[PDB]
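**Student:** Sharing a structure with you now.
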Amino acid sequence: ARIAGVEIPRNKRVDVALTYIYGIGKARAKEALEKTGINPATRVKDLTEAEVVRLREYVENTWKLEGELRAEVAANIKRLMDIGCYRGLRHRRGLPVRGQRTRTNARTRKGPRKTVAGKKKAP
Amino acid sequence: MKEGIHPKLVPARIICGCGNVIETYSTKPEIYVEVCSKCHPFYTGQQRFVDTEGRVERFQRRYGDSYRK
Amino acid sequence: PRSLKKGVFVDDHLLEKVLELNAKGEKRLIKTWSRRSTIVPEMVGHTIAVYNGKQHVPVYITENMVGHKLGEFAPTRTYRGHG
Amino acid sequence: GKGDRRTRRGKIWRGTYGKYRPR
Amino acid sequence: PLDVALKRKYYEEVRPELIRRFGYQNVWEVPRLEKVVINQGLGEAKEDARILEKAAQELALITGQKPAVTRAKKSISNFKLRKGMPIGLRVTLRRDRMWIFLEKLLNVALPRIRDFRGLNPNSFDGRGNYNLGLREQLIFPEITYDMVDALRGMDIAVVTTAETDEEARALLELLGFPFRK
RNA sequence: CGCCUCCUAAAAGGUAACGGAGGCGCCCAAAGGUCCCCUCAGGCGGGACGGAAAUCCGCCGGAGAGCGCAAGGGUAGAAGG
RNA sequence: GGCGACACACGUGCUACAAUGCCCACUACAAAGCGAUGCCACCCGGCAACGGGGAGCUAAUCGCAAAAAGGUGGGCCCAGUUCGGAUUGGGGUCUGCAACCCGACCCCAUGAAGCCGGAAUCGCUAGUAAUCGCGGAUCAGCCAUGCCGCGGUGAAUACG
Ligand SMILES: [Mg+2]
Ligand SMILES: [Mg+2]
Ligand SMILES: [Mg+2]
Ligand SMILES: [Mg+2]
Ligand SMILES: [Mg+2]
Ligand SMILES: [Mg+2]
Ligand SMILES: [Mg+2]
Ligand SMILES: [Mg+2]
Ligand SMILES: [Mg+2]
Ligand SMILES: [Mg+2]
Ligand SMILES: [Mg+2]
Ligand SMILES: [Mg+2]
Ligand SMILES: [Mg+2]
Ligand SMILES: [Mg+2]
Ligand SMILES: [Mg+2]
Ligand SMILES: [Mg+2]
Ligand SMILES: [Mg+2]
Ligand SMILES: [Mg+2]
Ligand SMILES: [Mg+2]
Ligand SMILES: [Mg+2]
Ligand SMILES: [Mg+2]
Ligand SMILES: [Mg+2]
Ligand SMILES: [Mg+2]
Ligand SMILES: [Mg+2]
Ligand SMILES: [Mg+2]
Ligand SMILES: [Mg+2]
Ligand SMILES: [Mg+2]
Ligand SMILES: [Mg+2]
Ligand SMILES: [Mg+2]
Ligand SMILES: [Mg+2]
Ligand SMILES: [Mg+2]
Ligand SMILES: [Mg+2]
Ligand SMILES: [Zn+2]
């Protein structure tokens with residue numbers, strides 16, 4: 008487990024590799040490398056352990072990441088449910104939270120179609 | 006101990022990123038580690054990292070008491 | 005969300021009901037049609053009856069729910085499910 | 003892609019500007 | 265025998281403190297480590313890859329001690345288990361090799377644990393022994409991502425001469441066991 | 001319809017009925033000889049995946065486990081591993 | 001308050017599954033329209049949505065304005081990826097009396113299904129189809145991927 012808790016992929020560039028960490032999008036990648044002064048274009052295989060620890064030390068202390076971030080995200084959702092606002096209610100039943108229609112679609116939140124019998128027609 | 010089946014434990018030095026150095030015994034002579042006891046947030050004081058937040062919310066919100074009196 | 009350049013919004017006609025209460029010694033049930041009002045630190049410990057479109061829903065207010073609107077705690081539709 | 007707001011092409015599609023598409 | 269940092273710490277730092285905390289009248293009354301027992305519950309190797317010498321060799325790397333196999337005591341239909349199948353590895357660490365393993369465990373292994381925030385204060389035997397379970401074996405310094413086929417976890421038994429939970433806790437705490445509460 | 005086990009069977013043995021209940025017509029090159037070593041089931045507590053039950057640790061636990069297959073007898077001071 | 005519901009089912013579409021592609025920088029070539037509590041040059045603050053300033057134009061003059069695919073340079077190297085951009089956490093902006101139900105944006109983080117789609121079925125005969133961007137009407141704002149239009153690039157095939 009190199010950094011933060013994860014092993015970022017060798018043979019790809021640092022700026023891309025950092026993104027594989029939960030909590031680092033491409034934007035935080037560019038800024039971290041700038042702030043610690045490492046080339047964004049250097050393959051992970053080709054970093055001095057000096058570069059490794061410098062990049063490592065920065066990233067973990069600057070932002071909350073991986074598990075801790077997930078936990079903090081979890082506490083937020085948990086809070087909404089417990090109070091419990093309409094937003095919290097939506098998380099209970101696993102419906103969309105941001106005002107999307109549910110007559111159709113919503114498959115990402117609702118999941119696979121549970122097909123059901125319809126209404127029969129006359130003969 | 007039984008001959009032939011066990012791996013030799015030798016004097017070994019484990020090195021952390023925080024510059025910590027540990028004198029111990031291992032199957033490997035030298036080992037480099039990302040973290041150790043000496044620098045791990047839970048171990049070191051209470052080095053609360055990025056999260057001082059607790060948590061904050063909700064009525065640290067303030068900003069302000071502007072709605073009139 | 006509402007631009008913070010502008011002020012945090014409450015209807016005032018509901019806030020004054022609360023503030024008059026704070027003086028005389030609370031509480032009293034408060035009937036309101038202001039779902040659109042923000043929950044405000046002076047409202048904690050009260051119970052405000054938000055009207056969902058059909059009924060006045062009693063809502064007790066605590067610190068953990070300060071930043072929200074009152075209507076957020078009085079859902080407008082009833083579901084239960086299908087079949 | 004056009005549905006990616008976090009890109010030039012995406013901001014063009016939505017007809018808006020920002021960090022990812024400046025004016 | 266040899267000098268190991270954690271062992272010395274037990275004799276000069278931990279032993280006097282324990283007498284202070286509990287007031288033993290006999291030099292043997294005071295808590296000791298008896299043995300540390302490590303177990304890879306396995307059985308993922310019951311039928312498929314019917315032999316995982318890989319787990320043994322990698323366990324051998326960490327402890328310096330080659331584990332012995334444990335075989336099923338009875339056949340169990342639901343676990344797809346025939347009596348006598350090789351379904352575990354166990355190694356018993358005593359004396360120096362116990363100290364050395366505990367030393368690296370406290371110094372580097374536990375810190376490597378994912379989202380680690382201390383051990384469980386409640387995992388005490390009731391009879392003054394302790395157990396903890398690991399889910400990854402790469403947590404140990406002499407095991408790396410490159411050398412591993414699949415993640416294997418383990419069970420660790422630390423056995424003390426202490427009669428009670430209270431005495432054993434102080435020992436493990438004084439030795440450097442980090443507890444969440 | 002021959003053979004094994006229990007009861008009937010009246011505290012030696014034996015004892016009948018189209019009396020009450022089961023089992024056998026095999027098996028094992030180790031499941032045989034000997035030497036050496038080892039001790040169960042179960043219960044509570046502890047432990048990643050792991051469950052009522054896999055493997056690990058501790059305490060209690062004289063035999064209630066096991067001994068290829070019915071039943072009975074025997075049996076860990078072993079016939080069990 | 002609801003018309004915005006959601007175990008489900010259908011139509012019409014949008015965005016894709018990638019290298020004849022994706023990205024960043026740099027550099028070109030349209031047309032038709034719209035515009036006085038309107039379009040807003042340019043300056044500065046903000047990573048930014050925007051905000052404060054602040055000229056010009058009652059407009060073949062001033063502005064919306066950059067057209068985009070393209071062209072040039074470099075990066076990515078076949079990966080559920082620098083493909084895809086749904087979903088969700090957080091923080092902001094603007095219109096508006098007011099964005100809880102139920103607005104559009106911007107930013108950090110998240111990065112789902114999807115590897116070209118069963119039976120079946122649609123459109124188009126040339127500046128057409130495909131593909132690329134632009135404008136308007138409605139309109140405070142906007143759920144427009146809709147509609148009506150405008151140009152850019154530009155095929156394949158018709159035996160019968
Ligand atoms: Mg990331
Ligand atoms: Mg809806
Ligand atoms: Mg030795
Ligand atoms: Mg007040
Ligand atoms: Mg993208
Ligand atoms: Mg003493
Ligand atoms: Mg306990
Ligand atoms: Mg003990
Ligand atoms: Mg390691
Ligand atoms: Mg008799
Ligand atoms: Mg006789
Ligand atoms: Mg036999
Ligand atoms: Mg023998
Ligand atoms: Mg148990
Ligand atoms: Mg497993
Ligand atoms: Mg028995
Ligand atoms: Mg039988
Ligand atoms: Mg309608
Ligand atoms: Mg559409
Ligand atoms: Mg208009
Ligand atoms: Mg994926
Ligand atoms: Mg998939
Ligand atoms: Mg991606
Ligand atoms: Mg949000
Ligand atoms: Mg709204
Ligand atoms: Mg492919
Ligand atoms: Mg395609
Ligand atoms: Mg025709
Ligand atoms: Mg396209
Ligand atoms: Mg348009
Ligand atoms: Mg409009
Ligand atoms: Mg919408
Ligand atoms: Zn360290």
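Chains as they are written, first to last, in my numbering: chain G, 8 to 130; chain E, 6 to 74; chain X, 5 to 87; chain V, 3 to 25; chain L, 265 to 445. Each residue gets a CB set at the ideal place from its N, CA and C atoms; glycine is no exception.
Name the DSSP bridge partner or partners of residue 300 (chain L)?
**Tutor:** Reading the fifth sequence from its first residue, position 36 is the one you call residue 300 (chain L). Its beta-bridge partners are L:357, L:422.
**Student:** Run through DSSP, which three-state label would residue 18 (chain E) get?
**Tutor:** Within the second sequence, the letter at position 13 stands for residue 18 (chain E). Three-state result, residue 18 (chain E): strand.
**Student:** Name the chain E residues that come within less than 9 Å of residue 75 (chain G), Cβ to Cβ?
**Tutor:** Along the first sequence, one-based indexing puts residue 75 (chain G) at 68. Result: 54, 55, 56.
**Student:** According to a CB-to-CB cut-off of less than 8 Å, which residues of the segment 370–399 of chain L neighbour chain G?
**Tutor:** Those would be 376, 378, 379, in chain order.
**Student:** CB residue 103 (chain G) to CB residue 109 (chain G), shorter than 8 Å?
**Tutor:** Within the first sequence, residue 103 (chain G) is the residue found at index 96, counting from 1. Within the first sequence, residue 109 (chain G) is the residue found at index 102, counting from 1. Yes, these two residues count as a Cβ contact at 8 Å.
**Student:** Using a strict less-than 7 Å threshold between each residue's beta carbon and the heavy atoms of ligand 3, what residues do you get?
**Tutor:** Listed along the chain, these residues meet the criterion: E:6, E:14, L:360, L:361.
**Student:** 8 Å is my cut-off, CB to CB: does residue 9 (chain E) come that close to chain G?
**Tutor:** If you number the second sequence from 1, residue 9 (chain E) lands on position 4. Chain G, which has no Cβ nearer than 8 Å to the Cβ of residue 9 (chain E), makes this no.
**Student:** What residues from chain E crowd round residue 71 (chain G), counting only those whose CB sits closer than 8 Å?
**Tutor:** For the purposes of this step, residue 71 (chain G) is taken as the residue at position 64 of the first sequence. Neighbours of residue 71 (chain G) on chain E, chain order: 54, 55, 56.
**Student:** Using a C-beta to C-beta distance shorter than 8 Å, which residues of chain L count as neighbours of residue 8 (chain G)?
**Tutor:** Translated into the one-based positions of the first sequence, residue 8 (chain G) becomes position 1. Going along chain L in sequence order, the residues near residue 8 (chain G) (Cβ under 8 Å) are 376, 378, 402, 409.
**Student:** Any chance the segment 390–409 of chain L sits against the segment 420–430 of chain L, with 3 or more Cβ pairs inside 8 Å?
**Tutor:** In short, these stretches touch, since the Cβ pair count reaches three.
**Student:** With burial defined as no fewer than 16 other Cβ atoms inside 10 Å of the residue's Cβ, what is the status of residue 7 (chain X): buried or exposed?
**Tutor:** Here residue 7 (chain X) refers to the residue found at position 3 of the third sequence. So residue 7 (chain X) counts as exposed.
**Student:** Compare the C-beta of residue 68 (chain G) against all C-beta atoms of chain E and say whether one is closer than 8 Å.
**Tutor:** As a working note, residue 68 (chain G) is residue 61 in the first sequence. By this cut-off, residue 68 (chain G) is an interface position.
**Student:** What I want to know is whether the C-beta of residue 308 (chain L) ends up closer than 7 Å to one or more non-hydrogen atoms of ligand 15.
**Tutor:** In the fifth sequence, residue 308 (chain L) corresponds to position 44, counting from 1. Because some heavy atom of ligand 15 lies under 7 Å away, the Cβ of residue 308 (chain L) counts as near it: yes.
**Student:** Hey, which unbroken runs of the beta strand (DSSP E) at 3 residues or more fall wholly within the segment 306–394 of chain L?
**Tutor:** List check, beta strand (DSSP E) in window: 332–335, 350–357.
**Student:** Quick one, what's near ligand 6 if you take every residue whose CB is closer than 6 Å to any heavy atom, in chain order?
**Tutor:** Cβ atoms closer than 6 Å to ligand 6 belong to L:283, L:288, L:291.
**Student:** Short check: CB of residue 363 (chain L) to CB of residue 268 (chain L), under 8 Å?
**Tutor:** As a first step, residue 363 (chain L) must be located in the fifth sequence, where it is residue number 99. As a first step, residue 268 (chain L) must be located in the fifth sequence, where it is residue number 4. Result yes, Cβ atoms of residue 363 (chain L) and residue 268 (chain L) sit closer than 8 Å.
**Student:** Please find out if some non-hydrogen atom of ligand 2 comes closer than 7 Å to the beta-carbon of residue 106 (chain G).
**Tutor:** Translated into the one-based positions of the first sequence, residue 106 (chain G) becomes position 99. Flag set: Cβ of residue 106 (chain G) near ligand 2.
**Student:** What do you reckon, are the CB atoms on residue 427 (chain L) and residue 392 (chain L) nearer than 8 Å?
**Tutor:** For the purposes of this step, residue 427 (chain L) is taken as the residue at position 163 of the fifth sequence. For the purposes of this step, residue 392 (chain L) is taken as the residue at position 128 of the fifth sequence. Yes, these two residues count as a Cβ contact at 8 Å.
**Student:** Hey, quick one: how far does the alpha helix (DSSP H) through residue 69 (chain G) stretch, first residue to last?
**Tutor:** Reading the first sequence from its first residue, position 62 is the one you call residue 69 (chain G). Where residue 69 (chain G) is concerned, the enclosing alpha helix (DSSP H) stretches over 56–69.
**Student:** Any Cβ of chain G within less than 8 Å of the Cβ of residue 69 (chain X)?
**Tutor:** Position 65 of the third sequence, counted from the start, is the residue given in the question as residue 69 (chain X). Closer than 8 Å to some Cβ of chain G, the Cβ of residue 69 (chain X) qualifies, so yes.
**Student:** Evaluate residue 303 (chain L) with the Cβ neighbour count: other Cβ atoms within 10 Å of its Cβ, from every protein chain shown; 16 or more gives buried, anything less gives exposed.
**Tutor:** Position 39 of the fifth sequence holds residue 303 (chain L). Classification for residue 303 (chain L): buried.
**Student:** Could you give the first and the last residue of the continuous alpha helix (DSSP H) run that contains residue 38 (chain G)?
**Tutor:** In the first sequence, counting from the first residue as 1, residue 38 (chain G) sits at position 31. Per DSSP, residue 38 (chain G) belongs to the alpha helix (DSSP H) from 33–43.
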